[PDB]
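Trainee: What follows is final.pdb, made up of PDB, C-alpha atoms:
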```
ATOM      1  CA  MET C 123     -18.516   7.902 -43.427  1.00  0.00           C
ATOM      2  CA  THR C 124     -17.181   6.706 -40.078  1.00  0.00           C
ATOM      3  CA  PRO C 125     -16.205   3.182 -38.968  1.00  0.00           C
ATOM      4  CA  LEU C 126     -17.165   2.119 -35.451  1.00  0.00           C
ATOM      5  CA  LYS C 127     -14.631  -0.123 -33.718  1.00  0.00           C
ATOM      6  CA  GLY C 128     -14.988  -2.416 -30.743  1.00  0.00           C
ATOM      7  CA  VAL C 129     -12.486  -2.773 -27.935  1.00  0.00           C
ATOM      8  CA  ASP C 130     -10.453  -5.166 -30.098  1.00  0.00           C
ATOM      9  CA  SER C 131     -10.074  -2.445 -32.770  1.00  0.00           C
ATOM     10  CA  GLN C 132     -12.232  -4.206 -35.357  1.00  0.00           C
ATOM     11  CA  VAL C 133     -14.878  -2.492 -37.467  1.00  0.00           C
ATOM     12  CA  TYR C 134     -18.397  -3.569 -36.508  1.00  0.00           C
ATOM     13  CA  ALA C 135     -20.531  -0.822 -38.065  1.00  0.00           C
ATOM     14  CA  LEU C 136     -20.361   2.080 -40.508  1.00  0.00           C
ATOM     15  CA  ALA C 137     -22.023   5.385 -39.639  1.00  0.00           C
ATOM     16  CA  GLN C 138     -23.310   8.198 -41.859  1.00  0.00           C
ATOM     17  CA  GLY C 139     -26.329  10.488 -41.728  1.00  0.00           C
ATOM     18  CA  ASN C 140     -27.830  13.815 -40.721  1.00  0.00           C
ATOM     19  CA  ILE C 141     -27.619  15.081 -37.153  1.00  0.00           C
ATOM     20  CA  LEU C 142     -30.643  16.194 -35.131  1.00  0.00           C
ATOM     21  CA  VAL C 143     -29.734  18.820 -32.527  1.00  0.00           C
ATOM     22  CA  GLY C 144     -32.558  19.808 -30.185  1.00  0.00           C
ATOM     23  CA  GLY C 145     -32.599  23.568 -30.640  1.00  0.00           C
ATOM     24  CA  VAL C 157     -31.241  26.145 -23.062  1.00  0.00           C
ATOM     25  CA  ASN C 158     -30.355  23.074 -25.114  1.00  0.00           C
ATOM     26  CA  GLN C 159     -27.149  21.258 -25.971  1.00  0.00           C
ATOM     27  CA  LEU C 160     -25.512  22.417 -29.197  1.00  0.00           C
ATOM     28  CA  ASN C 161     -22.331  20.310 -29.299  1.00  0.00           C
ATOM     29  CA  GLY C 162     -24.131  16.982 -29.071  1.00  0.00           C
ATOM     30  CA  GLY C 163     -26.556  15.222 -31.364  1.00  0.00           C
ATOM     31  CA  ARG C 164     -28.204  11.930 -32.178  1.00  0.00           C
ATOM     32  CA  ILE C 165     -28.659  10.208 -35.535  1.00  0.00           C
ATOM     33  CA  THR C 166     -31.514   7.744 -35.961  1.00  0.00           C
ATOM     34  CA  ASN C 167     -30.670   4.668 -38.036  1.00  0.00           C
ATOM     35  CA  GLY C 168     -27.321   6.312 -38.680  1.00  0.00           C
ATOM     36  CA  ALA C 169     -25.150   3.194 -38.622  1.00  0.00           C
ATOM     37  CA  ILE C 170     -25.265  -0.156 -40.400  1.00  0.00           C
ATOM     38  CA  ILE C 171     -23.931  -3.401 -38.947  1.00  0.00           C
ATOM     39  CA  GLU C 172     -21.058  -4.950 -40.894  1.00  0.00           C
ATOM     40  CA  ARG C 173     -19.717  -7.719 -38.632  1.00  0.00           C
ATOM     41  CA  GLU C 174     -21.517 -10.336 -36.562  1.00  0.00           C
ATOM     42  CA  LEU C 175     -20.537 -11.970 -33.296  1.00  0.00           C
ATOM     43  CA  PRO C 176     -20.552 -15.720 -32.684  1.00  0.00           C
ATOM     44  CA  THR C 177     -22.551 -17.092 -29.792  1.00  0.00           C
ATOM     45  CA  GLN C 178     -23.350 -20.403 -28.127  1.00  0.00           C
ATOM     46  CA  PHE C 179     -27.073 -19.807 -27.721  1.00  0.00           C
ATOM     47  CA  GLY C 180     -29.026 -22.975 -28.383  1.00  0.00           C
ATOM     48  CA  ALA C 181     -26.161 -25.282 -27.376  1.00  0.00           C
ATOM     49  CA  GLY C 182     -26.622 -27.151 -24.111  1.00  0.00           C
ATOM     50  CA  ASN C 183     -29.567 -27.810 -21.825  1.00  0.00           C
TER      51      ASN C 183
ATOM     52  CA  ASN N  59      -7.771 -10.419 -34.160  1.00  0.00           C
ATOM     53  CA  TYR N  60      -5.460  -8.842 -31.610  1.00  0.00           C
ATOM     54  CA  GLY N  61      -6.387  -8.675 -27.960  1.00  0.00           C
ATOM     55  CA  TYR N  62      -8.021  -5.918 -25.980  1.00  0.00           C
ATOM     56  CA  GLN N  63      -6.170  -2.622 -26.395  1.00  0.00           C
ATOM     57  CA  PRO N  64      -6.753   0.337 -24.041  1.00  0.00           C
ATOM     58  CA  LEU N  65      -7.629   3.771 -25.370  1.00  0.00           C
ATOM     59  CA  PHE N  66      -6.153   6.437 -23.083  1.00  0.00           C
ATOM     60  CA  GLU N  67      -3.231   4.508 -21.600  1.00  0.00           C
ATOM     61  CA  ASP N  68       0.223   5.162 -22.996  1.00  0.00           C
ATOM     62  CA  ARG N  69       1.720   2.685 -25.448  1.00  0.00           C
ATOM     63  CA  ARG N  70       3.824   0.659 -23.129  1.00  0.00           C
ATOM     64  CA  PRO N  71       5.244  -2.757 -24.001  1.00  0.00           C
ATOM     65  CA  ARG N  72       3.174  -5.469 -22.353  1.00  0.00           C
ATOM     66  CA  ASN N  73       3.979  -8.843 -23.955  1.00  0.00           C
ATOM     67  CA  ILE N  74       6.880 -10.725 -25.478  1.00  0.00           C
ATOM     68  CA  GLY N  75       7.890  -9.124 -28.761  1.00  0.00           C
ATOM     69  CA  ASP N  76       6.976  -5.500 -28.073  1.00  0.00           C
ATOM     70  CA  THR N  77       9.500  -2.779 -28.836  1.00  0.00           C
ATOM     71  CA  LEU N  78      10.821  -0.057 -26.552  1.00  0.00           C
ATOM     72  CA  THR N  79      13.294   2.780 -27.067  1.00  0.00           C
ATOM     73  CA  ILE N  80      16.322   3.133 -24.776  1.00  0.00           C
ATOM     74  CA  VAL N  81      18.142   6.461 -24.581  1.00  0.00           C
ATOM     75  CA  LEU N  82      21.729   5.592 -23.701  1.00  0.00           C
ATOM     76  CA  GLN N  83      23.113   8.374 -21.506  1.00  0.00           C
ATOM     77  CA  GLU N  84      25.872   7.085 -19.230  1.00  0.00           C
ATOM     78  CA  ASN N  85      28.323   9.325 -17.395  1.00  0.00           C
ATOM     79  CA  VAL N  86      30.439   7.918 -14.555  1.00  0.00           C
ATOM     80  CA  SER N  87      33.517   9.522 -13.022  1.00  0.00           C
ATOM     81  CA  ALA N  88      35.459   8.445  -9.930  1.00  0.00           C
ATOM     82  CA  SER N  89      38.765   9.580  -8.464  1.00  0.00           C
ATOM     83  CA  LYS N  90      40.972   9.366  -5.388  1.00  0.00           C
ATOM     84  CA  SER N  91      44.350  10.559  -4.148  1.00  0.00           C
ATOM     85  CA  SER N  92      46.491  10.675  -1.018  1.00  0.00           C
ATOM     86  CA  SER N  93      49.925  11.686   0.239  1.00  0.00           C
ATOM     87  CA  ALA N  94      52.169  11.778   3.309  1.00  0.00           C
ATOM     88  CA  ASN N  95      55.490  13.285   4.319  1.00  0.00           C
ATOM     89  CA  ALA N  96      57.899  13.729   7.207  1.00  0.00           C
ATOM     90  CA  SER N  97      61.087  15.632   7.940  1.00  0.00           C
ATOM     91  CA  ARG N  98      63.666  16.203  10.650  1.00  0.00           C
ATOM     92  CA  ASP N  99      66.789  18.333  11.020  1.00  0.00           C
ATOM     93  CA  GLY N 100      69.352  18.791  13.751  1.00  0.00           C
ATOM     94  CA  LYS N 101      72.562  20.734  14.189  1.00  0.00           C
ATOM     95  CA  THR N 102      74.568  21.125  17.391  1.00  0.00           C
ATOM     96  CA  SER N 103      77.880  22.828  18.073  1.00  0.00           C
ATOM     97  CA  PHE N 104      80.165  24.083  20.825  1.00  0.00           C
ATOM     98  CA  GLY N 105      83.587  25.695  20.758  1.00  0.00           C
ATOM     99  CA  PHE N 106      85.904  27.081  23.432  1.00  0.00           C
ATOM    100  CA  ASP N 107      87.959  29.609  21.488  1.00  0.00           C
ATOM    101  CA  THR N 108      90.172  31.105  24.215  1.00  0.00           C
ATOM    102  CA  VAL N 109      90.442  29.011  27.373  1.00  0.00           C
ATOM    103  CA  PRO N 110      91.576  30.738  30.579  1.00  0.00           C
ATOM    104  CA  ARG N 111      94.552  29.233  32.358  1.00  0.00           C
ATOM    105  CA  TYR N 112      92.697  27.803  35.359  1.00  0.00           C
ATOM    106  CA  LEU N 113      90.414  25.889  32.966  1.00  0.00           C
ATOM    107  CA  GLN N 114      93.137  24.568  30.648  1.00  0.00           C
ATOM    108  CA  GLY N 115      92.940  21.214  32.408  1.00  0.00           C
ATOM    109  CA  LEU N 116      89.393  20.652  31.171  1.00  0.00           C
TER     110      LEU N 116
END
```
Here is a file; write its structure as structure tokens.
Mentor:
Amino acid sequence: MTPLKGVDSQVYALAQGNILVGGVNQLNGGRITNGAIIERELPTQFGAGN
Amino acid sequence: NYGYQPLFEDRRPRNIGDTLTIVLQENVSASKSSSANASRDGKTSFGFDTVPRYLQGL
């Protein structure tokens, strides 16, 4: 379980899952699919104005 | 929410209210001196112990 912070040091997502290393190829780097879940939302002014 | 905070930069104070450690190490030392002197001696003498006759008038 890992929290993912923005540049303002606030938690926006929580990450946990199994790593898929290619298996020359890179061993010290991997990618997790659907490995994080969004916890915070950002405000926006879409739909306001003309 | 606090503002943007860098990641690799050192923690320097940037706004009003931040703290900072001062290491007081002061060591000052000044000095001066001077002198002067002077001296003078003198000693003169003259004595006619036995005057010949033809010089007795002087």
Trainee: May I have the residues of chain N within 8 Å of chain C, counting all atoms listed in the file, written as a PDB file with C-alpha atoms, in the coordinates of the input?
Mentor:
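What follows is the written file part_34.pdb:
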```
ATOM      1  CA  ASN N  59      -7.771 -10.419 -34.160  1.00  0.00           C
ATOM      2  CA  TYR N  60      -5.460  -8.842 -31.610  1.00  0.00           C
ATOM      3  CA  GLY N  61      -6.387  -8.675 -27.960  1.00  0.00           C
ATOM      4  CA  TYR N  62      -8.021  -5.918 -25.980  1.00  0.00           C
ATOM      5  CA  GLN N  63      -6.170  -2.622 -26.395  1.00  0.00           C
ATOM      6  CA  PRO N  64      -6.753   0.337 -24.041  1.00  0.00           C
TER       7      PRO N  64
END
```
Trainee: Could you give me, as a PyMOL selection string, the residues within 12 Å of residue N:79, counting all atoms listed in the file and dropping anything in the same chain fewer than 6 positions from it?
Mentor: chain N and resi 69-71
Trainee: Can you tell me how far atom CA of residue C:163 sits from atom CA of residue C:136, in Å to one decimal?
Mentor: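 Result for atom CA of residue C:163 versus atom CA of residue C:136: 17.2 Å, one decimal.
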Trainee: Please identify all polymer residues within 9 Å of residue C:142, counting only C-alpha atoms, omitting same-chain residues fewer than 3 positions from it, and present them as a PyMOL selection string.
Mentor: chain C and resi 145+162-166
Trainee: What are the centre and edge lengths in Å, to one decimal, of the axis-aligned box around all listed atoms of stretch 128-157 of chain C with 3 Å added on each side, as lines of an AutoDock Vina configuration file?
Mentor:
```
center_x = -21.3
center_y = 10.5
center_z = -32.5
size_x = 28.5
size_y = 37.3
size_z = 24.8
```
Trainee: Written as an NGL selection string, which residues does the PyMOL selection byres ((chain C and resi 124) around 7) give for the file shown?
Mentor: :C and (123 or 125-126 or 136-138)
Trainee: Enter the distance from atom CA of residue C:178 to atom CA of residue C:127, in Å, rounded to one decimal.
Mentor: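 Separation of atom CA of residue C:178 and atom CA of residue C:127: 22.8 Å.
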Trainee: What separation in Å, quoted to one decimal, exists between atom CA of residue C:176 and atom CA of residue C:133?
Mentor: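 Atom-to-atom, atom CA of residue C:176 to atom CA of residue C:133, that is 15.2 Å.
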